[PDB]
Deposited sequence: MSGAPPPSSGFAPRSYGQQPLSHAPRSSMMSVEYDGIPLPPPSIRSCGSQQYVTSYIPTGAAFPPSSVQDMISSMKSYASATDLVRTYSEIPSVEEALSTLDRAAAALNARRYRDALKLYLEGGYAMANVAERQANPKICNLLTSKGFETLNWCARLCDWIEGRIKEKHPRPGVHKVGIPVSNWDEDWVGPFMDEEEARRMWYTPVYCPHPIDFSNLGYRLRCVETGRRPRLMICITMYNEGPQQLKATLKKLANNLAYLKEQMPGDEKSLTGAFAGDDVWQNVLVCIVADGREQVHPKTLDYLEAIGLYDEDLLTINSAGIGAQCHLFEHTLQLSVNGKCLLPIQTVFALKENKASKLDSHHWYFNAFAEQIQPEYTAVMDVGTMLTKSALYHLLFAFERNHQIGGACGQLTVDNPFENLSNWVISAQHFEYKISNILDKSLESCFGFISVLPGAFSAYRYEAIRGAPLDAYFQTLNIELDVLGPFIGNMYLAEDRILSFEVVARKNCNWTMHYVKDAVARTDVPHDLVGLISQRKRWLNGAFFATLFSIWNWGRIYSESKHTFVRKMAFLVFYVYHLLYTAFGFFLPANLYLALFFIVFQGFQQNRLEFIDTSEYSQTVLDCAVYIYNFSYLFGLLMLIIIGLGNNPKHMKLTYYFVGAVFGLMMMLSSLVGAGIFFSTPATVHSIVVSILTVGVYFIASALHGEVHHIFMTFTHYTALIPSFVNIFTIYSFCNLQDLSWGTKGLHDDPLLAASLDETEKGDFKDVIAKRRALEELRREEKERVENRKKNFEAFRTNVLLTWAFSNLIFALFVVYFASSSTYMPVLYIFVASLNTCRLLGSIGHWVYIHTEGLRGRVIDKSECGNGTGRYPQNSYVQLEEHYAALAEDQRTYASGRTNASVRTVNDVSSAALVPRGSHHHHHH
């Protein structure tokens, strides 16, 4: 009791010691503004305008205007004084306009601050430079404007204009560069490659049958080409990248902050016909418009902005979409434009995607495997598809379209994920639209009342920098095969539109039906690819080792323990690896398990290298019958035949070992990880309750969306995995190698015959259409 009394006594001493003048406080607060509070006040005004509170929006607008008007006087930097004075004057003009609008002397719908584009001198210039002809206004001045347009369809309706439109020049070919958290060297390489393309376009000889004629002639082509660089978020772009953009005279943080205070811009446009010099050669000027967007979005949203806003503004003749860090050959644009002009029927084209410096760093197995995969995918698949006038464009590939089969329905279908929220669409459409450039491909192919096909250009080589690590490749294939496994399902489900709506020729529709049957067979085979690979390895290797079917070894008697031990070890290792793959995939992100993924990949690697050696052994021990040699050459050397036919066989000769070492890891891991993922207080209280109910409804909608997405993905993954497992178990238990290996050989031979025929058709078409152009 004594400690309790002592503690309460010290507490009682504790409570004693507003406890635990207005004129003086009034004098203190009365006793200058600043840029920080001015910017905060304009930000609050923009928020109020967004929330449609006009009285307090106005009240916060004149305060900020006068704050910057007073601040501009005391600043020391003349450019800062000019920027703040202009901002204050424009804000006062907008305040007067808003006051008049509220008074009603002028009637207008949805008032917004007037669109003001400002041109500030570029900090850095090269006095020693060579150019055909350029005006001081365009050359020296850098133009920037902030845009609020939420629906890029109304970008031109809100008075936004580009420097090309203002000077009256008419761009025809127009390229997009979607950049996000990329280093300066990638942008520098991309811009240097584009400048090289423009220079090579200039160097076309006039009066030649092969050379292009028209708006793409020499000495005047750079004017007709506009490059649009659209970033994904100002909070995610690399600081070194922004430093590079300032160095090339295209970005200014000070100007952006000053002139984007009260506008509440969704994205910022910087326009500059930037010129570049590399060593002693000076690149020709390239027209560049840089669209830096405020909030983080997706590549689909970047394309939404690009396509809708700028394309509907300037009506380009050809529209090109390209990633960041992709180096183009000198003649990539020439080949694209040549194909477009000579065909006058192509709705869209895809360039060849390759790996930068394949020969260099040959010690890296992942790089060589990716190079082999790119080369085989391009040659075989793209040739076969372009023979049929329909391309499943590789993600990230340098692709272009003509803005005549893209203007309407294909773009609406492409952007319907953004326009209509995916909750109504469902999870199938969302997974469809993770990668939808191929959706654009299909929509252009199936345009109503239009027969616009596609074409794959082998000569338009686009060199990119593929990931050098297995985890980066895993993430890449997480995106790629998903888009893929869903746009494919779209293609089967909607192949009827090509005949129901589009007006193709009868022969074209028959060819499309044939390609549809082939595509069904190929997708069905690739769906059971893990099961088929496991069965092939199991049967051939281990049931030749156990049943003495390897014609180079004699395992008739042996110890009888190792014979079954090999099969048991293989089955257990494969099953354990697959289960670990499920757990890790579906589980955590594939970056902290670099060691585990490398271990599993190496296990599969030596597993298919020993498989390759035993396959070569049985092949060489076989007496090489006519049928056997025919099927073997057709199924294996199809890659070498196509590569030698097209010219690039050395890449395959160098990378086939690296790819076949990475084949099981490739299929298993990548597919499994892809499939694995002035009111009063009563009004105040009512507003609080309404906001709370809005938050609750938003949370319930988000959780319902997540529930639907995860349920759909788990259902599709369970279907895929259980189908593979059931197929493998059933064939293992009810079919021998003699009854299943011939079937698998016939299936793979049919697919490889189709791909060889496609590549041969592409070659003969591209080498014979020139002479037979008259007929």
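- Residues of the deposited sequence that lack C-alpha coordinates fall in the stretches 1-22, 40-48, 52-76, 88-90, 737-761, 860-925.
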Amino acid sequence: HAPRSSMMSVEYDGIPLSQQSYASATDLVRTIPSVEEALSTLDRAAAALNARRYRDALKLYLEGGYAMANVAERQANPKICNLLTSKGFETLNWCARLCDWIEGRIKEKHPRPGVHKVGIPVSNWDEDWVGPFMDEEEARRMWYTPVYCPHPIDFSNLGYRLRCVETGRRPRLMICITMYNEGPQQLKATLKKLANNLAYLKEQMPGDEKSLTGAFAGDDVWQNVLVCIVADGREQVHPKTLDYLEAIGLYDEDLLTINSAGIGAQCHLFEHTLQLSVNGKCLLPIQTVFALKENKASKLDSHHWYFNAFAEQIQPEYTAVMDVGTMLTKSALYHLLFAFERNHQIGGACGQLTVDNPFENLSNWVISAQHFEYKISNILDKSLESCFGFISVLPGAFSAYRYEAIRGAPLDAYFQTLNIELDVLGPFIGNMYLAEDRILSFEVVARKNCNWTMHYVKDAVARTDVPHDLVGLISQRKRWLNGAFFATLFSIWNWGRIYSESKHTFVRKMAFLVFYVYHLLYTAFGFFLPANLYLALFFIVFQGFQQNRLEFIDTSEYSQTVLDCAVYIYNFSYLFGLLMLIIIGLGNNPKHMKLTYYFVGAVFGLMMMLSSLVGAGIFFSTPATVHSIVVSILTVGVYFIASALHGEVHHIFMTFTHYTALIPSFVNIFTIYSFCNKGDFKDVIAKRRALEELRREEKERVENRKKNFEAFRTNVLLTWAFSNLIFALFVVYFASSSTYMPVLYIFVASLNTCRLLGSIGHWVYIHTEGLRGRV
From here on, numbers count along this sequence of modelled residues.
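C-alpha atoms forming the largest set that superposes within 1.5 Å between two forms make up the rigid core.
- Structural divergence in 4 other deposited structures of this protein between 243-251 and 555-563: following superposition by the core, 555-563 has C-alpha atoms lying farther from the shown form.
- Stretch 83-91 is the one, of 185-193 and 83-91, whose CA positions lie farther from the shown form in 4 other deposited structures of this protein once all structures are superposed by the rigid core.
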